Structures are given as structure tokens and as C-alpha cells.
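Visitor: these are from a larger complex, still in place; more later:
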Amino acid sequence: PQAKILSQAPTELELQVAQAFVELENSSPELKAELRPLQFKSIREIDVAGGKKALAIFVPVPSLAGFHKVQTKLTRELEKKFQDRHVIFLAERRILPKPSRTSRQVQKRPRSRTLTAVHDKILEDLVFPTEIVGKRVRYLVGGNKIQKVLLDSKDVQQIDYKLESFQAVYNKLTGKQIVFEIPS
């Protein structure tokens, strides 16, 4: 059960965390067997406000159905068992290109495979069970763009500290800045 859940040969952190799951695995019936069916493709490491680098886990995305059933209990043991670390769960999506003129016909394209829909599921994954209740985009008089992503209410505690990591996490993926806010 060591490198099985890895779904790929490399590397080190992918092993450590893959080891970490199996240390959370044998707790017997409800703390395993619902955590075993899940898997992950890869892990990337990038910096955070808390000085604690971020650990971003990719998911094949049939599988975000069960991971979402766990999540909060899991990312509590992952940020504990692997600490000085911020642990988030992203889902690997396809991003098909917008065909050019000179390009020759490919199979059509769904809209959930589109670069913009994808980055709008990224922001949906980085945040979790709170919600996204609204958005805005300021175009600064410099010509810069900054996305105001507004969050919800209850349970929001869980990402409270995680705010400035998502902005960084998303800026290593995209090239666009993020900020958040809450009601009044």
C-alpha cells in the first residue's frame, strides 16, 4: 500500500504524503475504506503567507465527489501530520485551446474544458465548503486586473488563515491576482 495510491512513479513529497495517507488509513472501519478509494495524481509545493509552504494535491476529478465528503477531516490531519504546511485539494482539468482559423477541425470543445471555466473551478476548489456568493473585477488605472472574490459566512474559520496562500497558489497557476472579502 506504499506507492499504490501515488498513481505515478515519482517523487519524494508524493511519497511522504502517500505514506501519510496510509498512516491515516489503518484506523479501522470509518477512518479507512472511505479514505482508500480516493487517490491523487501529483503534488506541488509553493510558498504561503505563514512562511509554511503550500501543499497542493491534484485529483483526477471523478474523485472530487468523495474527497469533498472527507476534506475537512482529512486536511485537518494533513496540516497536523504534515505541519509547517498548508494543504489544499485541487482537481486536474483539461483546458482545451480555442481553435485558430488556420487550424483544422478537431472534436468540438465542451465549455467545461475552456481556459476560463477552468480557472473558475480553480477558485472554486481553493476555497471550500463556505461558498462563493459573488465576484467583482477592478481594472486599476494602471491597466492591472484584480479579482475580488467574496466568500460566505458559516464555518468560514477553516480558510480564515488560508487567505493569502490561495492568492499565491492561484498566482503560480494563472498569472492573475486574487483578493477576498466577507459580508457586512
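Guide: Happy to help now that I have it. Residues are numbered from 1 along each chain as shown, chains lettered A, B, ... in the order given.
Visitor: how near is the residue nearest the centre of chain A to residue A:61?
Guide: The residue lying closest to the centre of chain A (C-alpha atoms, centre = their mean) is residue A:90, at 2.5 Å. From residue A:90 across to residue A:61, the span is 9 Å (C-beta to C-beta, to the nearest Å). From N, CA and C alone the C-beta is placed, and that goes for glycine too.
Visitor: From residue A:16, how far out is the closest residue to residue A:32 other than its chain neighbours?
Guide: If the residues on either side of it in the chain are set aside, residue A:32 comes closest to residue A:25, at 4.9 Å by C-beta to C-beta, 6 or more residues apart in numbering. To residue A:16, residue A:25 is 14 Å away according to C-beta to C-beta.
Visitor: before we move on, back to that, thought residue A:38 was touching the residue nearest to residue A:32, still the case?
Guide: No. With contact defined as C-beta atoms under 8 Å, residue A:25 does not reach residue A:38; the gap is 10.6 Å.
Visitor: Comparing those two, which shows the higher neighbour count?
Guide: Taking neighbours as other C-beta atoms under 10 Å, residue A:25 and residue A:38 compare with residue A:38 leading, 19 against 15.
Visitor: Let me see the contact set for the more buried one.
Guide: Neighbouring residues of residue A:38 by C-beta atoms under 8 Å, 6 or more residues apart in numbering: A:63, A:66-67, A:70.
Visitor: Adding secondary structure as columns, could you present the residues you listed in TSV?
Guide: Below are these laid out as TSV (DSSP: H, G, I helix; E, B strand; the rest coil):
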residue	secondary structure
A:63	coil
A:66	helix
A:67	helix
A:70	helix
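Visitor: Turn the residues you listed into JSON lines, columns for distance to residue A:109 and neighbour count.
Guide: Converted to JSON lines, the contacts of residue A:38 look like this (distance: C-beta to C-beta, whole Å; neighbours: other C-beta atoms under 10 Å):
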{"residue": "A:63", "distance to residue A:109": "23", "neighbour count": "17"}
{"residue": "A:66", "distance to residue A:109": "28", "neighbour count": "14"}
{"residue": "A:67", "distance to residue A:109": "27", "neighbour count": "20"}
{"residue": "A:70", "distance to residue A:109": "32", "neighbour count": "16"}
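Visitor: Quick check: of those, which lies closest to residue A:45?
Guide: Nearest to residue A:45 among the contacts of residue A:38: residue A:67, at 19.4 Å, using C-beta to C-beta.
Visitor: to the structure above, add chain B:
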Amino acid sequence: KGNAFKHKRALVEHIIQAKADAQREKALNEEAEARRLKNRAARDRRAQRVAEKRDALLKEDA
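Guide: Same chains as before, plus chain B:
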């Protein structure tokens, strides 16, 4: 009883060609209903092996 049948020979040739377009209508509605029904197997079979390998790469790693 209206016109459009100039004699026996035409009336027959009409009937000749009317049963021929009622077969091309039957054969195409049997064969493309064989295309639909028999691709419903390739959906239940390919949805089975992700439900059969769903308990198989679960149980066998125990």
C-alpha cells in the same frame, strides 16, 4: 377516383414503387434501432467495468 393514374400500367408502377419506399422505410427503422439498442450494451458494459473494477482495485489491495 381522382386522376393521377393514367391507366392500369401506371397504377401498378405506382404500387410497384410504393411498396419499395415502404421497405426502405422499414429496413432503415429496424437497422438504426439496432444501432441504438446495441450501443446501450456498450454503455452498460463500459459502465460495468468501472463498477466491477470499482470493487476490484478496492478489494484486492486489502
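Visitor: mind redoing the contacts of residue A:38 now chain B's in there?
Guide: The contact partners of residue A:38, by C-beta atoms under 8 Å, 6 or more residues apart in numbering or on different chains, come to A:63, A:66-67, A:70.
Visitor: could those residues be laid out in a markdown table, adding distance to chain B?
Guide: Below are those laid out as a markdown table (distance: C-beta to the nearest C-beta, whole Å):
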| residue | distance to chain B |
| --- | --- |
| A:63 | 12 |
| A:66 | 12 |
| A:67 | 16 |
| A:70 | 16 |
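Visitor: Would you check which pair of the residues you listed lies furthest apart?
Guide: Farthest pair in the contacts of residue A:38 (C-beta to C-beta) is A:63 and A:70. Separation: 10.9 Å.
Visitor: Contacts for stretch A:107-125, please.
Guide: Applying C-beta under 8 Å, 6+ apart, the contact partners of stretch A:107-125 are A:64, A:88-91, A:93-99, A:132, A:147, A:149, A:170, A:173-174, A:176, A:178.
Visitor: Repeat the analysis, applying 6 Å as the threshold.
Guide: A:90-91, A:93-96, A:149, A:174 (C-beta atoms under 6 Å, 6 or more residues apart in numbering or on different chains).
Visitor: Now for residue 59: which residues touch it?
Guide: No chain specified, so I'll use chain A. By C-beta under 6 Å, 6+ apart, the contact list for residue A:59 reads A:40, A:67, A:91.
Visitor: In chain B, what residue spans correspond to helices?
Guide: Taking DSSP state H as the criterion, chain B carries its helices at B:8-46, B:49-59.
Visitor: follow-up on the earlier one: any idea how far the residue nearest to the centre of chain A lies from residue A:64?
Guide: For residue A:90, the distance to residue A:64 - C-beta to C-beta - is 9 Å.
Visitor: before we move on, back to that, separate out the buried members of the contacts of stretch A:107-125.
Guide: Buried residues within the contacts of stretch A:107-125, counting neighbours by 16 or more other C-beta atoms under 10 Å in any protein chain shown: A:90-91, A:93, A:96, A:149.
Visitor: Which members of those residues are positioned in strands?
Guide: Residues of the buried ones among the contacts of stretch A:107-125 located in strands (DSSP state E): A:90-91, A:149.
Visitor: quick one: which of those is nearest chain B?
Guide: Closest approach between these and chain B, by C-beta to the nearest C-beta: residue A:91, at 18.3 Å.
Visitor: thought the closest one was touching residue A:62?
Guide: No. With contact defined as C-beta atoms under 6 Å, residue A:91 does not count as touching residue A:62 (9.6 Å).
Visitor: build in chain C:
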Amino acid sequence: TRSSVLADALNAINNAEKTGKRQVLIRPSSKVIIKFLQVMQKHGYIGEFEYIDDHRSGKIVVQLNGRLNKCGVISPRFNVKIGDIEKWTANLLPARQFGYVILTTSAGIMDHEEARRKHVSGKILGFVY
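Guide: So that you can see how it sits with the rest, here is chain C on the chains above:
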């Protein structure tokens, strides 16, 4: 029914500044509304505008200052052959010295000076001054 939304914006713009307002709520916006307002805010005729997301087609709040006499929209998008840019500036713009006719070219939404340097032509969109 709504026909050119680009014009339903630049109109709620030209009805804010005259009435003296510092901001306006325009709707639905667009890809092209954004890229108009972008060539505009770039030469300063407005400040920052903020895309709000309704779940349908959008709104914008545009914070505008004082400096904008008219920002217009050319309703049939006429085919401009790069001799005719000169004649489009000579008509609807207050002087040679400033002011901008904004068209569409294969090279994207831009002002007629960034057209004259890039050396591309296309369909006219509007103007701002």
C-alpha cells in the same frame, strides 16, 4: 430589444458626466465594452471601472472624472481602408491634436493612433474625447 450594447453603455456614460455624476451602473457590458473602456481609461477619460458579476451577462460600475466631452459609438461598423481613417478623424474629432477614434482591426480593439503605428485597419467602433 437591445441592439448594440456598446452604445447602451457609452450612453449611460454620456448621461452621467453631463448630469455631473462621478460613477454610473452600466449593463450588461461585454468583451467589447471592457475593451472600449480599456482604451478609454488608458488615455484617462475615465478612472477605474469594476466588473460586477451577475450570474447572467454582467454589470459595470465605472468611476469617471470630468474630462470627457463625448464618447461615441458608430452604429454600422464601417469598413475603414486606412486612407479613410484620416477622413474618420477629420469628421467626428475636435482637433488633430488629441481625441481618439477607436475601431476594430484583426489586431484587436485599439485607438486610431495605435492603429497608425501598428499599421492595421478594420471596422470602426466609436470614438472618445
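Visitor: The contacts of residue A:38 again, this time with chain C added?
Guide: By C-beta under 6 Å, 6+ apart, the contact set of residue A:38 is A:63, A:66-67.
Visitor: what's around whichever residue of chain C sits closest to chain B, how many residues?
Guide: Of all residues in chain C, residue C:55 sits closest to chain B, at 32.8 Å by C-beta to the nearest C-beta. Per other C-beta atoms under 10 Å in any protein chain shown, the neighbour tally for residue C:55 reads 7.
Visitor: which one is the residue nearest to the centre of chain A nearest to, not counting chain neighbours?
Guide: residue A:125 (5.0 Å; C-beta to C-beta, 6 or more residues apart in numbering or on different chains).
Visitor: distance of the one you found from chain C?
Guide: For residue A:125, the distance to chain C equals 18 Å [C-beta to the nearest C-beta, to the nearest Å].
Visitor: For the residue nearest in space to the middle of chain C, what are phi and psi?
Guide: Among the residues of chain C, residue C:36 comes closest to the average C-alpha position under C-alpha atoms, centre = their mean, at 4.0 Å. Main-chain torsions, residue C:36, degrees, to the nearest 10: phi -70, psi -60.
Visitor: Let me see the contact set for it.
Guide: Contact analysis of residue C:36 by C-beta under 6 Å, 6+ apart lists nothing.
Visitor: now swap in residue A:54 and tell me
Guide: A:46, A:48, A:86, A:165, A:169.
Visitor: give me the element it is part of.
Guide: strand A:53-59 (DSSP states H and E).
Visitor: Direction included, what does that strand pair up with?
Guide: Paired neighbours of strand A:53-59 in the sheet (DSSP bridges): strand A:43-46 (antiparallel), strand A:85-91 (parallel).
Visitor: Just name the most buried of those strands.
Guide: Across the strands paired with strand A:53-59, the average number of neighbours (mean count of other C-beta atoms under 10 Å in any protein chain shown) peaks for strand A:85-91, which reaches a mean of 22.
Visitor: just the strands in the chain please.
Guide: In the absence of a named chain, this looks at chain A. Secondary structure of chain A, counting by DSSP E: strands at A:43-46, A:53-59, A:85-91, A:134-139, A:145-150, A:177-181.
Visitor: Switch to chain C, please.
Guide: According to DSSP E, the strands that chain C contains are C:23-26, C:49-52, C:59-63, C:71-73, C:79-80, C:100-105, C:110-111, C:122-128.
Visitor: got the contact list for the fifth one?
Guide: It stands for strand C:79-80. Under C-beta under 6 Å, 6+ apart, the answer for strand C:79-80 is C:103, C:121, C:124.
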